[PDB]
Participant: 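Sharing a structure, written as structure tokens. Questions coming.
Every chain is numbered from 1 and lettered A, B, ... according to where its sequence line falls, protein lines coming before strand lines. Keep in mind that the numbers below use all heavy atoms, side chains included, and drop hydrogens, waters and symmetry copies.
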Amino acid sequence: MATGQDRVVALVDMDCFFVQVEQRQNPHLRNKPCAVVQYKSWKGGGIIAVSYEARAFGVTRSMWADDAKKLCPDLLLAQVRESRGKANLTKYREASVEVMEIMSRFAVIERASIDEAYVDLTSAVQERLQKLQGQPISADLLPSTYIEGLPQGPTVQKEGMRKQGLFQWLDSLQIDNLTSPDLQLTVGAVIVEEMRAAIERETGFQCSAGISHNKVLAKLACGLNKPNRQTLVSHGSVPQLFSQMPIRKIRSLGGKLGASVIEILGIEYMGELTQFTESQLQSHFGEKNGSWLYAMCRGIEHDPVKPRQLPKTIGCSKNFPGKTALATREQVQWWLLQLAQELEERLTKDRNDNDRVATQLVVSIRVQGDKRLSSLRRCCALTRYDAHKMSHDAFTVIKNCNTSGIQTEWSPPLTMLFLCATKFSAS
DNA sequence: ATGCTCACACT
DNA sequence: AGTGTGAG
């Protein structure tokens, strides 16, 4: 049986990243209950990132700042830059590039979002096990590492539990066998400690990490001990870990498919999936999903860390909810020009930085009354980085959606505009 | 009326 | 090409 122990994979998550960026810039915010908001006028603004000191009062993402101030009256707020009437996340994108360039010195990186990256450590671990002669790994090389599932068997503070688990792990490690998956994970954790130290020294930013044998376990592991800590989930820890792990906590099972798994099979925890045959799971959820679930509930997953540090699309969108839905033609043309101008700015920077050009322009809208994220998607050729042509072209491909018989009223009103540049080629 | 993004699979 | 899903 192939046991899903072939790779060493990490997931790095910058703790409340947008908050850390504002705290670095403004020392008055450091070590305080702090949140980042956008659009201050409506209910004090929408919270998009929350410091751990503020989370202790119950402040969360997606809260209105006016409501968060009820939970935490001393909450400090930083607001996202606004440019051309919309939130502008350039500062956080630039900080993200800072961190990812440092991570890239250690191993192969897949950018997962602005604040998360997967790390393929398999080759870096091999090189390091050769430089290691055959010498023990000291607990001093793992000063922020938790071993999930330990300590076990025959201390009242969190740091003493951490070290007792690490001691039990290390005392048991079979360091003579350079083939042992547990040893390989441990060396991987040593490298992640070094990577996280380098990020903090060179940027000031802290992060948490998970180290395991695949992306799903690494991501799960990273959330186990936060903030500014890292967790190693071994193959052997999976049966106990999954025995009480709600299905919705595993990456890609937090939405409709995960709910169907729960409801069709009559189970609650990831480990309960082991009692079904692969054919049974495929019959309920399809060939691909069924095979994936059969392997995943045993801790096995093969999605590669893709060598990809740059986004594949560059996009710009704004929502127009409630009374603010766009209902005139010049209004729609105005906001398209606004999105096209920010898009041109970011595209030009991308071409200068990363030696590539986008070739397709995707336009998406949502109309008032519709229920889903996007009402309609249309595309055209992106031949020149010119905001006025891009906005003119985007209007052309959507102007037929105007049900209004009047030419300069727009009905139904538009609740969302979206411009995305894609289909990049080397330049 | 948190938002603004980004990747991938189905057809 | 256009849609639906899942995520930060």
Participant: Once you apply a heavy-atom cut-off of 4.0 Å, does A:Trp64 come out as touching a base, just sugar-phosphate, or nothing?
Facilitator: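 Result for A:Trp64 = sugar-phosphate.
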Participant: With heavy-atom distances below 4.5 Å as the criterion, would you say the side chains of A:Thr60 and A:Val50 are in contact?
Facilitator: no
Participant: Between A:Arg251 and A:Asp303, does any NZ, NE, NH1 or NH2 come within less than 4.0 Å of an OD or OE carboxylate oxygen?
Facilitator: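 Looking at A:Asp303 and A:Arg251, the cut-off is met.
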Participant: In whole angstroms, how far is the P atom of C:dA7 from the CG atom of A:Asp13?
Facilitator: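 These atoms are roughly 15 Å apart.
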Participant: Tell me: CZ of A:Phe418 to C1' of C:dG2, nearest whole Å?
Facilitator: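 Taking CZ of A:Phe418 and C1' of C:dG2, I get 13 Å after rounding.
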Participant: Would you mind classifying the nucleic acid contact of A:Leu253 as base, sugar-phosphate or nothing, using non-hydrogen atoms under 4.0 angstrom?
Facilitator: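 The residue A:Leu253 makes sugar-phosphate contact but no base contact.
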Participant: Would you tell me whether A:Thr231 and A:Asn225 have side-chain atoms, one donor and one acceptor, within less than 3.5 Å of each other?
Facilitator: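 A pair is found: one side chain offers a donor N or O, the other an acceptor, under 3.5 Å apart.
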Participant: Look at all strands and tell whether A:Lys323 reaches a base, only sugar-phosphate, or nothing, counting heavy atoms closer than 4.0 Å.
Facilitator: base
Participant: Give one of base, sugar-phosphate or nothing for A:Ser113, where a contact means two heavy atoms less than 4.0 Å apart.
Facilitator: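 The answer is sugar-phosphate, as A:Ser113 gets under 4.0 Å only of primed atoms, P, OP1 or OP2.
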Participant: Contact class for A:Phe17 (heavy atom, under 4.0 Å): base, sugar-phosphate, or nothing?
Facilitator: nothing
Participant: How do A:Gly322 and A:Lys312 order along DNA chain B: which one's closest nucleotide is nearer the 5' end?
Facilitator: A:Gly322
Participant: Relative to each other, are the rings of A:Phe18 and A:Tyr92 parallel, tilted or perpendicular (30° and 60° limits)?
Facilitator: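 Because their plane-to-plane angle is under 30°, the rings of A:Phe18 and A:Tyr92 count as parallel.
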Participant: At their closest point, which heavy atom of A:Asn31 faces which heavy atom of A:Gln23, and how far apart are they?
Facilitator: N-NE2, 3.9 Å
Participant: Can you check whether A:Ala209's main-chain N or O pairs, donor with acceptor, with A:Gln230's side chain at less than 3.5 Å?
Facilitator: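 Pair absent, no side-chain N/O of A:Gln230 close to backbone of A:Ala209.
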Participant: Can you tell me how far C1' of C:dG8 sits from CG of A:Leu220, to the nearest Å?
Facilitator: 16 Å
Participant: Any chance the rings of A:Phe242 and A:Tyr269 have centres within less than 6.0 Å?
Facilitator: no
Participant: Does the ring centre of A:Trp335 sit less than 6.0 Å away from the ring centre of A:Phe320?
Facilitator: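 Here the rings of A:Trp335 and A:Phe320 have centres that are less than 6.0 Å from each other.
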Participant: Tell me which residues in residues 86-103 of chain A put a heavy atom below 4.0 Å from DNA chain B, sorted by number, or none.
Facilitator: A:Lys86, A:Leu89, A:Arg93
Participant: Could you verify whether a donor N or O on one side chain and an acceptor N or O on the other, from A:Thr415 and A:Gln368, lie under 3.5 Å apart?
Facilitator: no
Participant: Expressed in angstrom and rounded to an integer, what is the separation of A:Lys249 atom NZ from C:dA7 atom P?
Facilitator: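 Rounded to the whole Å, the gap is 11 Å.
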Participant: What contact category does A:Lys40 fall into here, base, sugar-phosphate, or nothing, at under 4.0 angstrom with non-hydrogen atoms?
Facilitator: nothing
Participant: Any donor and acceptor pair, going by atom type alone, linking the side chain of A:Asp67 with main-chain N or O of A:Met63 inside 3.5 Å?
Facilitator: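 Not a single qualifying donor-acceptor pair exists.
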Participant: Between which nucleotides of DNA chain B, read 5' to 3', does contact with chain A run, using atoms under 4.0 Å from its heavy atoms?
Facilitator: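 The footprint of chain A covers B:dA1 to B:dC10.
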Participant: Classify the nucleic acid contact of A:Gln38 as base, sugar-phosphate or nothing, counting any heavy atom under 4.0 Å across all strands shown.
Facilitator: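 It contacts base atoms.
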Participant: Under 4.5 Å between any side-chain heavy atoms of A:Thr328 and A:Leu326, yes or no?
Facilitator: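 A side-chain contact is absent here, since even the closest heavy-atom pair is not under 4.5 Å.
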Participant: Residues of residues 369-391 of chain A with any non-hydrogen atom less than 4.0 angstrom from an atom of DNA chain C: list those, numerically ordered, please.
Facilitator: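 Contacting residues: A:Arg372, A:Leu376, A:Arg377, A:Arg378, A:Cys379.
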Participant: Is it true that A:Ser364 and A:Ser374 share a donor-acceptor pair across their side chains at a distance under 3.5 Å?
Facilitator: yes
Participant: Here's a test of your reading of the structure: between A:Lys288 and A:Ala112, which maps to the more 5' nucleotide of DNA chain B?
Facilitator: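 Its nucleotide being nearer the 5' end, the pick is A:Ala112.
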